[PDB]
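A short worksheet on the structure shown next.
FYI the Cβ positions are ideal-geometry reconstructions off the backbone, even for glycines, and counts take in every protein chain you see. Each reported figure results from applying straightforward, stated rules to the coordinates on display, with no laboratory input.
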């Protein structure tokens, strides 16, 4: 039992959260962009 | 005279409680501003230290951290516990008669 266990474990718990929030937003991001580009293909196709 | 009273009260508290807060702060350095871990400061005398440890250990299993560091006489002790294990931790101090 040293304070180092929980100390240097806490500063990893924070990295695990950060990647969680990142790759949540970087996933939805893809889908929103992919929804736009799909409906452009549906306009491009539809008028032609 | 008002300045003087404030200056004198501040000294009186600071003269008393600098050495414990130094000790306590040191023990869990950089982990008192974290949400992941909860800290609770409290004072124990040599006499009380074994009782407090037993009480906490049964209450809080072996996933609690009891640390102490001296100061010349008793020990200011810090128990460090997980967040949401706060009530349980407190309850254990309260049964011994020790408080925050």
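Computed from Cα atoms, the angle from the helix B:86-96 axis to the main principal axis of chain B rounds to 80 degrees.
When a/c reaches 1.5 or more, the comparison of a/b and b/c decides; with that in mind, is chain A rounded, prolate or oblate per its Cα gyration tensor?
prolate
Taking the Cα atoms only, what angle lies between the long axis of helix A:4-47 and the longest principal axis of chain A, rounded to 10 degrees? Tilt of helix A:4-47: around 0 degrees.
Shown for A:38, B:27, A:13: other C-beta atoms within 10 Å of each C-beta, ranked fewest to most, produce the order A:38, A:13, B:27.
Considering only the Cα atoms of the protein assembly as shown, their convex hull presents on average a projected area of 16.7 nm². Report summary: the helix-based calculation at 222 nm, which adds -39500 (n - 2.57) for every DSSP H run with n ≥ 4 and divides by the residues of chain A, gives -34000 deg cm²/dmol. The angle between the Cα long axis of helix B:49-60 and the main principal axis of chain B comes to about 50°, on a 0 to 90 degree scale. Both radii come from the Cα set of chain B: Rg as radius of gyration, Rh as Kirkwood radius; their ratio Rg/Rh reads 1.05.
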